[PDB]
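So this block is query07.pdb, PDB, C-alpha atoms and all ligand atoms:
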```pdb
MODEL        1
ATOM      1  CA  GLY A 458     253.028 157.020  80.507
ATOM      2  CA  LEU A 459     250.752 159.326  82.642
ATOM      3  CA  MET A 460     248.986 160.335  79.329
ATOM      4  CA  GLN A 461     245.314 159.158  79.241
ATOM      5  CA  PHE A 462     242.915 159.712  76.348
ATOM      6  CA  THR A 463     239.756 161.494  77.624
ATOM      7  CA  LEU A 464     236.602 161.777  75.518
ATOM      8  CA  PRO A 465     233.971 164.527  75.786
ATOM      9  CA  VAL A 466     231.341 163.828  78.471
ATOM     10  CA  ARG A 467     228.627 162.394  76.097
ATOM     11  CA  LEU A 468     231.186 159.991  74.465
ATOM     12  CA  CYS A 469     232.783 159.103  77.850
ATOM     13  CA  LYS A 470     229.251 157.940  79.001
ATOM     14  CA  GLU A 471     227.719 156.451  75.777
ATOM     15  CA  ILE A 472     230.978 154.556  74.744
ATOM     16  CA  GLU A 473     230.305 152.155  77.692
ATOM     17  CA  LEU A 474     226.878 151.191  76.233
ATOM     18  CA  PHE A 475     226.553 148.359  73.609
ATOM     19  CA  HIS A 476     224.528 150.564  71.133
ATOM     20  CA  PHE A 477     227.151 153.417  70.953
ATOM     21  CA  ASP A 478     227.715 154.803  67.388
ATOM     22  CA  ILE A 479     231.340 156.122  66.942
ATOM     23  CA  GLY A 480     230.066 159.151  64.934
ATOM     24  CA  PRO A 481     230.963 160.715  61.548
ATOM     25  CA  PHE A 482     234.314 162.337  62.638
ATOM     26  CA  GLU A 483     236.956 159.886  61.206
ATOM     27  CA  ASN A 484     239.796 161.784  62.999
ATOM     28  CA  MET A 485     238.354 160.802  66.454
ATOM     29  CA  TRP A 486     238.165 156.982  65.737
ATOM     30  CA  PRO A 487     241.863 156.255  66.621
ATOM     31  CA  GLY A 488     241.534 158.121  69.958
ATOM     32  CA  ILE A 489     238.234 156.237  70.631
ATOM     33  CA  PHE A 490     240.107 152.906  70.055
ATOM     34  CA  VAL A 491     243.142 153.863  72.227
ATOM     35  CA  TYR A 492     240.675 154.981  74.939
ATOM     36  CA  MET A 493     239.037 151.492  74.801
ATOM     37  CA  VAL A 494     242.420 149.632  74.992
ATOM     38  CA  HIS A 495     243.553 151.788  78.007
ATOM     39  CA  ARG A 496     240.257 151.155  79.958
ATOM     40  CA  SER A 497     239.923 147.462  78.854
ATOM     41  CA  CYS A 498     243.573 146.334  79.075
ATOM     42  CA  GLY A 499     245.607 149.064  80.921
ATOM     43  CA  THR A 500     247.699 152.160  79.903
ATOM     44  CA  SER A 501     250.741 149.744  80.045
ATOM     45  CA  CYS A 502     249.431 146.973  77.630
ATOM     46  CA  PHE A 503     251.107 148.649  74.565
ATOM     47  CA  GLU A 504     253.761 151.357  73.957
ATOM     48  CA  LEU A 505     251.666 154.415  72.845
ATOM     49  CA  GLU A 506     254.211 155.303  70.018
ATOM     50  CA  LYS A 507     253.975 151.687  68.617
ATOM     51  CA  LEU A 508     250.139 151.401  69.116
ATOM     52  CA  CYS A 509     249.489 154.767  67.365
ATOM     53  CA  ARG A 510     251.766 153.600  64.505
ATOM     54  CA  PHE A 511     249.956 150.169  64.272
ATOM     55  CA  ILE A 512     246.475 151.869  64.351
ATOM     56  CA  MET A 513     247.404 154.225  61.440
ATOM     57  CA  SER A 514     248.961 151.416  59.287
ATOM     58  CA  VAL A 515     245.768 149.322  59.862
ATOM     59  CA  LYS A 516     243.594 152.350  58.863
ATOM     60  CA  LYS A 517     245.677 152.807  55.673
ATOM     61  CA  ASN A 518     245.139 149.119  54.630
ATOM     62  CA  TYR A 519     241.299 149.375  54.825
ATOM     63  CA  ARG A 520     239.875 150.481  51.433
ATOM     64  CA  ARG A 521     237.157 153.051  50.496
ATOM     65  CA  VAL A 522     234.244 150.583  50.118
ATOM     66  CA  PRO A 523     230.691 151.347  51.317
ATOM     67  CA  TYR A 524     230.601 148.945  54.323
ATOM     68  CA  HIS A 525     233.806 146.854  54.894
ATOM     69  CA  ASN A 526     235.802 150.000  55.769
ATOM     70  CA  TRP A 527     237.787 151.623  58.635
ATOM     71  CA  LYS A 528     234.469 152.697  60.333
ATOM     72  CA  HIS A 529     233.372 148.986  60.414
ATOM     73  CA  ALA A 530     236.790 148.027  61.910
ATOM     74  CA  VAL A 531     236.407 150.443  64.863
ATOM     75  CA  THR A 532     232.613 149.765  65.294
ATOM     76  CA  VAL A 533     233.294 145.974  65.631
ATOM     77  CA  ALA A 534     236.167 146.736  68.111
ATOM     78  CA  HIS A 535     233.792 148.901  70.195
ATOM     79  CA  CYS A 536     231.266 145.984  70.519
ATOM     80  CA  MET A 537     234.112 143.692  71.733
ATOM     81  CA  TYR A 538     235.107 146.477  74.248
ATOM     82  CA  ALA A 539     231.466 146.558  75.532
ATOM     83  CA  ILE A 540     231.367 142.692  75.849
ATOM     84  CA  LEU A 541     234.775 142.654  77.646
ATOM     85  CA  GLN A 542     233.942 145.540  80.048
ATOM     86  CA  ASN A 543     230.607 143.871  81.091
ATOM     87  CA  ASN A 544     232.435 140.467  81.614
ATOM     88  CA  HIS A 545     235.489 141.746  83.613
ATOM     89  CA  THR A 546     236.852 138.546  85.279
ATOM     90  CA  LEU A 547     235.999 135.942  82.539
ATOM     91  CA  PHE A 548     238.945 136.952  80.230
ATOM     92  CA  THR A 549     242.758 136.690  80.599
ATOM     93  CA  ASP A 550     245.111 139.728  80.172
ATOM     94  CA  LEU A 551     246.193 138.203  76.784
ATOM     95  CA  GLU A 552     242.598 137.727  75.445
ATOM     96  CA  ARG A 553     241.672 141.394  76.182
ATOM     97  CA  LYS A 554     244.866 142.508  74.278
ATOM     98  CA  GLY A 555     244.308 140.070  71.371
ATOM     99  CA  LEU A 556     240.526 140.483  70.752
ATOM    100  CA  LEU A 557     240.467 144.339  70.407
ATOM    101  CA  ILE A 558     243.332 144.064  67.891
ATOM    102  CA  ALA A 559     241.533 141.074  66.275
ATOM    103  CA  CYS A 560     238.376 143.194  65.756
ATOM    104  CA  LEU A 561     240.342 146.204  64.359
ATOM    105  CA  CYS A 562     242.178 143.895  61.852
ATOM    106  CA  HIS A 563     239.299 141.453  61.156
ATOM    107  CA  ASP A 564     238.443 142.861  57.662
ATOM    108  CA  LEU A 565     241.900 144.281  56.605
ATOM    109  CA  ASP A 566     242.183 144.956  52.829
ATOM    110  CA  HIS A 567     238.535 143.949  52.132
ATOM    111  CA  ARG A 568     237.583 144.684  48.479
ATOM    112  CA  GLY A 569     233.745 144.668  48.987
ATOM    113  CA  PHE A 570     233.345 141.080  47.617
ATOM    114  CA  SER A 571     232.301 137.772  49.240
ATOM    115  CA  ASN A 572     234.418 134.568  49.255
ATOM    116  CA  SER A 573     231.873 133.181  46.639
ATOM    117  CA  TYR A 574     232.681 136.084  44.216
ATOM    118  CA  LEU A 575     236.514 135.546  44.545
ATOM    119  CA  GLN A 576     235.889 131.813  43.693
ATOM    120  CA  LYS A 577     233.596 132.430  40.651
ATOM    121  CA  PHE A 578     235.893 135.268  39.399
ATOM    122  CA  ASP A 579     238.872 132.887  39.955
ATOM    123  CA  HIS A 580     240.747 135.560  41.996
ATOM    124  CA  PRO A 581     244.347 134.566  42.972
ATOM    125  CA  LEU A 582     243.369 134.684  46.735
ATOM    126  CA  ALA A 583     240.919 131.754  45.959
ATOM    127  CA  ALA A 584     243.898 129.527  44.815
ATOM    128  CA  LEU A 585     246.060 130.579  47.801
ATOM    129  CA  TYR A 586     243.168 130.029  50.407
ATOM    130  CA  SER A 587     240.429 127.481  49.415
ATOM    131  CA  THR A 588     238.233 128.177  52.535
ATOM    132  CA  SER A 589     237.563 131.377  54.524
ATOM    133  CA  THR A 590     239.446 133.124  51.600
ATOM    134  CA  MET A 591     239.166 136.811  52.693
ATOM    135  CA  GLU A 592     239.510 135.829  56.395
ATOM    136  CA  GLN A 593     242.894 134.068  55.897
ATOM    137  CA  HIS A 594     243.945 137.206  53.878
ATOM    138  CA  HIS A 595     242.812 139.499  56.782
ATOM    139  CA  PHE A 596     244.999 137.544  59.267
ATOM    140  CA  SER A 597     247.887 137.462  56.715
ATOM    141  CA  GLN A 598     247.630 141.320  56.419
ATOM    142  CA  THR A 599     247.550 141.595  60.269
ATOM    143  CA  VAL A 600     250.851 139.586  60.558
ATOM    144  CA  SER A 601     252.523 141.743  57.774
ATOM    145  CA  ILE A 602     251.596 145.023  59.608
ATOM    146  CA  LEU A 603     252.880 143.590  62.975
ATOM    147  CA  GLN A 604     256.315 142.976  61.247
ATOM    148  CA  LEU A 605     256.819 146.566  59.901
ATOM    149  CA  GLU A 606     259.776 148.250  61.767
ATOM    150  CA  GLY A 607     258.219 150.069  64.805
ATOM    151  CA  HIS A 608     254.727 148.362  64.601
ATOM    152  CA  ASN A 609     255.182 145.283  66.901
ATOM    153  CA  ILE A 610     252.764 146.246  69.730
ATOM    154  CA  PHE A 611     253.403 142.718  71.231
ATOM    155  CA  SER A 612     257.283 143.140  71.441
ATOM    156  CA  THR A 613     257.240 143.045  75.344
ATOM    157  CA  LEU A 614     255.388 139.645  75.485
ATOM    158  CA  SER A 615     257.488 136.468  76.100
ATOM    159  CA  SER A 616     258.047 134.078  73.137
ATOM    160  CA  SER A 617     255.060 131.907  74.366
ATOM    161  CA  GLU A 618     252.599 134.761  75.186
ATOM    162  CA  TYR A 619     253.411 136.162  71.663
ATOM    163  CA  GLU A 620     252.547 132.722  70.125
ATOM    164  CA  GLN A 621     249.326 132.547  72.249
ATOM    165  CA  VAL A 622     248.142 136.085  71.219
ATOM    166  CA  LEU A 623     248.748 135.516  67.423
ATOM    167  CA  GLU A 624     246.779 132.221  67.792
ATOM    168  CA  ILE A 625     243.872 134.038  69.631
ATOM    169  CA  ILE A 626     243.870 136.670  66.803
ATOM    170  CA  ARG A 627     244.033 134.039  63.967
ATOM    171  CA  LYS A 628     241.059 131.985  65.364
ATOM    172  CA  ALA A 629     239.153 135.248  66.187
ATOM    173  CA  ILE A 630     239.559 136.501  62.543
ATOM    174  CA  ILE A 631     238.825 133.079  60.837
ATOM    175  CA  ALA A 632     235.623 132.870  62.983
ATOM    176  CA  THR A 633     234.264 136.098  61.319
ATOM    177  CA  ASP A 634     233.624 133.841  58.238
ATOM    178  CA  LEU A 635     229.814 133.685  58.611
ATOM    179  CA  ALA A 636     229.905 130.236  56.835
ATOM    180  CA  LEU A 637     231.510 128.865  60.109
ATOM    181  CA  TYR A 638     229.020 130.624  62.496
ATOM    182  CA  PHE A 639     226.100 128.095  62.108
ATOM    183  CA  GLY A 640     228.115 124.987  63.099
ATOM    184  CA  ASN A 641     229.887 126.922  65.926
ATOM    185  CA  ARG A 642     226.609 128.157  67.467
ATOM    186  CA  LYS A 643     224.926 124.651  67.135
ATOM    187  CA  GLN A 644     227.851 123.069  69.054
ATOM    188  CA  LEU A 645     227.795 125.880  71.694
ATOM    189  CA  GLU A 646     223.955 125.393  71.968
ATOM    190  CA  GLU A 647     224.297 121.555  72.574
ATOM    191  CA  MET A 648     227.150 122.110  75.138
ATOM    192  CA  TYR A 649     225.195 124.744  77.163
ATOM    193  CA  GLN A 650     221.966 122.593  77.319
ATOM    194  CA  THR A 651     223.677 119.217  78.191
ATOM    195  CA  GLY A 652     225.729 121.224  80.826
ATOM    196  CA  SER A 653     229.128 120.135  79.298
ATOM    197  CA  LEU A 654     230.202 123.801  78.492
ATOM    198  CA  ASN A 655     233.561 124.408  80.327
ATOM    199  CA  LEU A 656     235.444 127.777  79.996
ATOM    200  CA  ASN A 657     238.705 126.088  81.253
ATOM    201  CA  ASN A 658     238.495 123.828  78.131
ATOM    202  CA  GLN A 659     240.615 125.798  75.575
ATOM    203  CA  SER A 660     238.533 124.311  72.642
ATOM    204  CA  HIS A 661     235.378 125.663  74.444
ATOM    205  CA  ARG A 662     236.813 129.189  75.016
ATOM    206  CA  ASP A 663     237.772 129.122  71.286
ATOM    207  CA  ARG A 664     234.073 128.521  70.313
ATOM    208  CA  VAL A 665     232.830 131.223  72.793
ATOM    209  CA  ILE A 666     235.427 133.752  71.488
ATOM    210  CA  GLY A 667     234.246 132.700  67.985
ATOM    211  CA  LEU A 668     230.616 133.532  68.871
ATOM    212  CA  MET A 669     231.642 136.929  70.413
ATOM    213  CA  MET A 670     233.423 137.740  67.067
ATOM    214  CA  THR A 671     230.209 136.905  65.117
ATOM    215  CA  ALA A 672     228.229 139.067  67.642
ATOM    216  CA  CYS A 673     230.602 142.115  67.306
ATOM    217  CA  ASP A 674     230.726 141.581  63.508
ATOM    218  CA  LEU A 675     226.878 141.682  63.191
ATOM    219  CA  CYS A 676     226.564 144.526  65.791
ATOM    220  CA  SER A 677     224.866 146.800  63.148
ATOM    221  CA  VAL A 678     221.592 144.913  64.047
ATOM    222  CA  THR A 679     222.012 145.872  67.793
ATOM    223  CA  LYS A 680     222.125 149.700  67.305
ATOM    224  CA  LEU A 681     219.259 152.216  67.591
ATOM    225  CA  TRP A 682     216.886 151.876  64.618
ATOM    226  CA  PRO A 683     218.149 154.922  62.612
ATOM    227  CA  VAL A 684     221.817 153.619  62.765
ATOM    228  CA  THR A 685     220.637 150.064  61.880
ATOM    229  CA  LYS A 686     218.593 151.336  58.898
ATOM    230  CA  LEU A 687     221.344 153.656  57.531
ATOM    231  CA  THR A 688     224.057 150.943  58.010
ATOM    232  CA  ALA A 689     221.789 148.506  56.003
ATOM    233  CA  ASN A 690     222.092 150.939  52.986
ATOM    234  CA  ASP A 691     225.917 150.499  53.100
ATOM    235  CA  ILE A 692     225.658 146.676  53.449
ATOM    236  CA  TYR A 693     223.347 146.449  50.383
ATOM    237  CA  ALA A 694     225.421 149.012  48.344
ATOM    238  CA  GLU A 695     228.344 146.486  48.469
ATOM    239  CA  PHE A 696     226.078 143.436  47.913
ATOM    240  CA  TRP A 697     224.451 145.078  44.855
ATOM    241  CA  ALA A 698     227.902 146.059  43.382
ATOM    242  CA  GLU A 699     228.858 142.321  43.737
ATOM    243  CA  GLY A 700     225.518 141.419  42.068
ATOM    244  CA  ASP A 701     226.473 143.747  39.178
ATOM    245  CA  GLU A 702     229.896 141.980  38.906
ATOM    246  CA  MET A 703     228.254 138.491  39.056
ATOM    247  CA  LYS A 704     226.084 139.550  36.042
ATOM    248  CA  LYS A 705     229.263 140.681  34.165
ATOM    249  CA  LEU A 706     230.582 137.068  34.681
ATOM    250  CA  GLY A 707     227.208 135.804  33.161
ATOM    251  CA  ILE A 708     225.828 134.529  36.564
ATOM    252  CA  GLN A 709     222.430 135.604  38.083
ATOM    253  CA  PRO A 710     223.346 136.685  41.644
ATOM    254  CA  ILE A 711     221.231 135.518  44.604
ATOM    255  CA  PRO A 712     218.378 138.008  45.281
ATOM    256  CA  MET A 713     220.336 139.530  48.273
ATOM    257  CA  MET A 714     222.863 140.932  45.705
ATOM    258  CA  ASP A 715     220.421 141.827  42.854
ATOM    259  CA  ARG A 716     219.526 145.572  42.961
ATOM    260  CA  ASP A 717     216.457 144.728  40.746
ATOM    261  CA  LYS A 718     215.015 142.946  43.904
ATOM    262  CA  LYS A 719     215.440 145.919  46.406
ATOM    263  CA  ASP A 720     211.658 145.558  47.119
ATOM    264  CA  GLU A 721     212.431 142.235  49.019
ATOM    265  CA  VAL A 722     214.969 143.822  51.522
ATOM    266  CA  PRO A 723     212.484 143.956  54.443
ATOM    267  CA  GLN A 724     211.651 140.172  54.114
ATOM    268  CA  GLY A 725     215.435 139.409  53.670
ATOM    269  CA  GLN A 726     216.102 141.373  56.897
ATOM    270  CA  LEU A 727     213.381 139.307  58.699
ATOM    271  CA  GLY A 728     214.984 136.008  57.499
ATOM    272  CA  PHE A 729     218.463 137.215  58.622
ATOM    273  CA  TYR A 730     217.325 138.253  62.157
ATOM    274  CA  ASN A 731     215.462 134.885  62.574
ATOM    275  CA  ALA A 732     218.137 132.569  60.984
ATOM    276  CA  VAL A 733     221.389 134.362  62.105
ATOM    277  CA  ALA A 734     221.283 137.479  64.384
ATOM    278  CA  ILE A 735     218.630 136.459  67.046
ATOM    279  CA  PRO A 736     220.087 132.917  67.481
ATOM    280  CA  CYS A 737     223.628 134.451  67.750
ATOM    281  CA  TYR A 738     222.867 136.963  70.567
ATOM    282  CA  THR A 739     220.489 134.391  72.242
ATOM    283  CA  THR A 740     223.293 131.774  72.601
ATOM    284  CA  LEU A 741     225.750 134.610  73.544
ATOM    285  CA  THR A 742     223.330 135.816  76.316
ATOM    286  CA  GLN A 743     223.053 132.243  77.769
ATOM    287  CA  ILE A 744     226.897 131.898  77.967
ATOM    288  CA  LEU A 745     227.546 135.584  79.003
ATOM    289  CA  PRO A 746     224.439 137.008  80.719
ATOM    290  CA  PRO A 747     225.654 140.657  80.844
ATOM    291  CA  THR A 748     225.456 140.738  76.934
ATOM    292  CA  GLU A 749     221.594 140.637  77.147
ATOM    293  CA  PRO A 750     221.281 144.279  75.882
ATOM    294  CA  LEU A 751     222.580 143.144  72.409
ATOM    295  CA  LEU A 752     219.778 140.524  72.292
ATOM    296  CA  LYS A 753     217.235 143.166  73.454
ATOM    297  CA  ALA A 754     218.462 145.710  70.802
ATOM    298  CA  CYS A 755     218.373 142.983  68.078
ATOM    299  CA  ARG A 756     214.749 142.026  69.026
ATOM    300  CA  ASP A 757     213.664 145.745  68.979
ATOM    301  CA  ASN A 758     215.178 146.040  65.397
ATOM    302  CA  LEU A 759     213.432 142.788  64.291
ATOM    303  CA  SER A 760     210.188 144.515  65.433
ATOM    304  CA  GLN A 761     211.164 147.678  63.384
ATOM    305  CA  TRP A 762     211.635 145.536  60.166
ATOM    306  CA  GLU A 763     208.262 143.850  60.902
ATOM    307  CA  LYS A 764     206.706 147.393  60.881
ATOM    308  CA  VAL A 765     208.437 148.164  57.526
ATOM    309  CA  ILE A 766     206.682 145.128  55.866
ATOM    310  CA  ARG A 767     203.270 146.091  57.421
ATOM    311  CA  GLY A 768     203.579 149.474  55.533
ATOM    312  CA  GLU A 769     203.743 151.421  58.905
ATOM    313  CA  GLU A 770     207.192 152.790  57.671
TER
HETATM  314  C1  LIG B 801     224.656 142.362  58.932
HETATM  315  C2  LIG B 801     223.893 141.982  57.759
HETATM  316  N1  LIG B 801     224.342 140.924  57.058
HETATM  317  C3  LIG B 801     223.595 140.541  56.007
HETATM  318  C4  LIG B 801     224.065 139.405  55.185
HETATM  319  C5  LIG B 801     222.405 141.225  55.633
HETATM  320  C6  LIG B 801     221.648 140.702  54.529
HETATM  321  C7  LIG B 801     220.241 140.307  54.844
HETATM  322  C8  LIG B 801     219.575 139.538  53.778
HETATM  323  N2  LIG B 801     218.916 140.247  52.841
HETATM  324  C9  LIG B 801     218.432 139.293  51.939
HETATM  325  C10 LIG B 801     217.693 139.732  50.825
HETATM  326  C11 LIG B 801     217.559 141.104  50.602
HETATM  327  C12 LIG B 801     216.844 141.565  49.512
HETATM  328  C13 LIG B 801     216.275 140.670  48.627
HETATM  329  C14 LIG B 801     216.411 139.321  48.865
HETATM  330  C15 LIG B 801     217.132 138.823  49.953
HETATM  331  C16 LIG B 801     218.799 137.990  52.297
HETATM  332  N3  LIG B 801     219.554 138.130  53.464
HETATM  333  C17 LIG B 801     220.187 137.058  54.145
HETATM  334  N4  LIG B 801     221.930 142.238  56.351
HETATM  335  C18 LIG B 801     222.671 142.630  57.436
HETATM  336  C19 LIG B 801     222.199 143.755  58.283
HETATM  337 MG    MG B 802     234.801 139.855  57.052
HETATM  338 ZN    ZN B 803     233.418 142.469  59.508
ENDMDL
END
```

Output the file's structure as structure tokens, nothing else.
Amino acid sequence: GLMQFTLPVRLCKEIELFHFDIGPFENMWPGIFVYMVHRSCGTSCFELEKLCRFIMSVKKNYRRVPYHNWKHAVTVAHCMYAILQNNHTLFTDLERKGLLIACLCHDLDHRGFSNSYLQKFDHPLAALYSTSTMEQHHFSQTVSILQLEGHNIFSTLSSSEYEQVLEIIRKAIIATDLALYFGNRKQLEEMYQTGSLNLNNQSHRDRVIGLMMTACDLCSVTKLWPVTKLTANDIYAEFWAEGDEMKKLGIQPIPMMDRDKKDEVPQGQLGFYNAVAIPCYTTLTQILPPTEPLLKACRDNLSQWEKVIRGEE
């Protein structure tokens, strides 16, 4: 009960900043997460025995793929921690509990392949879940882990709080389907500008939580340049493996997934910052002003990709 987690001084300081990298020491990531729950939620939010046992079962059910791995899980949870800590009073006790778990579980049992590749391969998951295929699987895996003897970190919630938290987590995880981001941001953009945005409207909070999940999910673009650049290698290593597998099915992959077209990565990064990342953190900054540093970091990294094209690196 009186047992805190305490990080070394540099981590204790830097973990509070949006651009924090969780480092190459896998064995510290669970402690880093528990630290974030204790400071975000309280030392009372979960039983430490049950949380530790949930954390390690979640870790086990992430696979050894270049990008959609345990490191991604914890990185995306740290971004949500940063957003929550800079927006103290805007979020209920339940949302703070649900969203850090949502981020940890958001890519559970990812195989390194897009929804499109499951569909063209005719993977069983594509018959079971016709839209947001992997994302319904990720939530399904979250529910399974919560139901292992000793793993129900929500046991001490009422029947109705329990139903509310699983519903926060479900929507949170479904919203990490980037296919749903564009429509969600357009609606949030119209609501902010016409002045109709209302954070007491549950359907409005849902869209805002949705945008936060896209922001934490893309947070690789908001790091210091060297982290951003090295994480891009991992993102493309998966994409190019999927390109390879598309070709084995007799289908030319889109350029993004074709290793033959590596040359075009800088222009592809420009497109992505302009069409997806910058709009995302822009709308997020309007709704939640203290998240401006993510927009600032994203703009700095757009500038770094501009320099790559200009042959300056
Ligand atoms: C978080 C994240 N998510 C995505 C999806 C990407 C891919 C960025 C992209 N590259 C291309 C591209 C690349 C090479 C050749 C042709 C096209 C097209 N697009 C959209 N990058 C990051 C950092
Ligand atoms: Mg995902
Ligand atoms: Zn993800």

### Task
Residues within 12 Å of ligand MG 802 (chain B), counting only C-alpha atoms and all ligand atoms: report them as a VMD selection string.
chain A and resid 519 524 to 526 529 to 530 533 559 to 572 589 to 596 629 to 637 670 to 671 673 to 675 692

Neighbouring residues of ligand LIG 801 (chain B) are defined here as those with any atom at most 9 Å from a ligand atom, counting all atoms listed in the file; list them as a ChimeraX atom specification. /A:635,674-678,685-686,688-690,692-693,696,711-730,732-734

Residues matched by the PyMOL selection byres (((chain A and resi 502) around 10) and not hetatm) as an mmCIF file with C-alpha atoms, keeping the file's coordinate frame:
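Full text of part.cif as output:
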```cif
data_model
loop_
_atom_site.group_PDB
_atom_site.id
_atom_site.type_symbol
_atom_site.label_atom_id
_atom_site.label_comp_id
_atom_site.auth_asym_id
_atom_site.auth_seq_id
_atom_site.Cartn_x
_atom_site.Cartn_y
_atom_site.Cartn_z
ATOM 1 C CA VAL A 494 242.420 149.632 74.992
ATOM 2 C CA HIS A 495 243.553 151.788 78.007
ATOM 3 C CA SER A 497 239.923 147.462 78.854
ATOM 4 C CA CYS A 498 243.573 146.334 79.075
ATOM 5 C CA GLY A 499 245.607 149.064 80.921
ATOM 6 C CA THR A 500 247.699 152.160 79.903
ATOM 7 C CA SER A 501 250.741 149.744 80.045
ATOM 8 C CA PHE A 503 251.107 148.649 74.565
ATOM 9 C CA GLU A 504 253.761 151.357 73.957
ATOM 10 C CA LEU A 505 251.666 154.415 72.845
ATOM 11 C CA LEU A 508 250.139 151.401 69.116
ATOM 12 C CA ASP A 550 245.111 139.728 80.172
ATOM 13 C CA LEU A 551 246.193 138.203 76.784
ATOM 14 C CA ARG A 553 241.672 141.394 76.182
ATOM 15 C CA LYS A 554 244.866 142.508 74.278
ATOM 16 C CA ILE A 610 252.764 146.246 69.730
ATOM 17 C CA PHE A 611 253.403 142.718 71.231
ATOM 18 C CA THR A 613 257.240 143.045 75.344
ATOM 19 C CA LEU A 614 255.388 139.645 75.485
#
```

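From atom CA of residue 574 of chain A back to atom CA of residue 587 of chain A, the distance works out to 12.7 Å.
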
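With all atoms listed in the file as the atoms that count, the minimum distance from residue 481 of chain A to the choices A:703, A:654, A:735, A:684 is reached by A:684.
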
From atom CA of residue 484 of chain A to atom CA of residue 459 of chain A the spacing works out at 22.6 Å

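The closest residue to ligand ZN 803 (chain B), picked from A:681, A:606, A:469, A:536 and counting all atoms listed in the file, is A:536.
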
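With distances restricted to all atoms listed in the file, A:514 is the closest residue to residue 605 of chain A from A:542, A:576, A:514, A:641.
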
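Residue nearest ligand ZN 803 (chain B) within the list A:582, A:534, A:708, A:557: A:534 [criterion: smallest interatomic distance, only C-alpha atoms and all ligand atoms].
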
Any chance you could resolve the PyMOL selection byres (((chain A and resi 624) around 12) and not hetatm) against this file and give the residues as a ChimeraX atom specification? /A:551-552,555-556,559,596,600,617-623,625-631,659,663

For ligand ZN 803 (chain B), the closest of A:541, A:531, A:737, A:585 counting all atoms listed in the file is A:531

Once you add 4 Å to each side, what are the centre and edge lengths of the axis-aligned box holding all listed atoms of segment 467-471 of chain A? One decimal in Å, as lines of an AutoDock Vina configuration file, if you can.
```
center_x = 230.3
center_y = 159.4
center_z = 76.7
size_x = 13.1
size_y = 13.9
size_z = 12.5
```

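Taking all atoms listed in the file into account, ligand ZN 803 (chain B) lies nearest to A:532 out of the set A:709, A:532, A:743, A:615.
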
| task | Within 12 Å of residue 753 of chain A, counting all atoms listed in the file, which residues show up once you throw out same-chain ones fewer than 2 positions away? Write them as a list in words, please. | result | residues 475, 476, 678, 679, 680, 681, 734, 735, 738, 739, 742, 746, 747, 748, 749, 750, 751, 755, 756, 757, 758, 759 and 760 of chain A

Give me the residues within 10 Å of residue 480 of chain A as an mmCIF file with C-alpha atoms, in the frame of the given file, counting all atoms listed in the file and dropping any in the same chain fewer than 5 places off.
```cif
data_model
loop_
_atom_site.group_PDB
_atom_site.id
_atom_site.type_symbol
_atom_site.label_atom_id
_atom_site.label_comp_id
_atom_site.auth_asym_id
_atom_site.auth_seq_id
_atom_site.Cartn_x
_atom_site.Cartn_y
_atom_site.Cartn_z
ATOM 1 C CA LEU A 468 231.186 159.991 74.465
ATOM 2 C CA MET A 485 238.354 160.802 66.454
ATOM 3 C CA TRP A 486 238.165 156.982 65.737
ATOM 4 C CA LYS A 528 234.469 152.697 60.333
ATOM 5 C CA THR A 532 232.613 149.765 65.294
#
```

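Taking atom CA of residue 699 of chain A and atom CA of residue 766 of chain A as endpoints, the distance between them is 25.4 Å.
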
Legend entry - Neighbour list for residue 707 of chain A as a PyMOL selection string, cut-off 12 Å, all atoms listed in the file, skip fewer than 4 positions in-chain: chain A and resi 577-578+700-703

- request: List, as a VMD selection string, every residue that the PyMOL selection byres (((chain A and resi 665) around 9) and not hetatm) selects in the file provided.
  value: chain A and resid 641 to 642 645 656 660 to 664 666 to 670 741 744
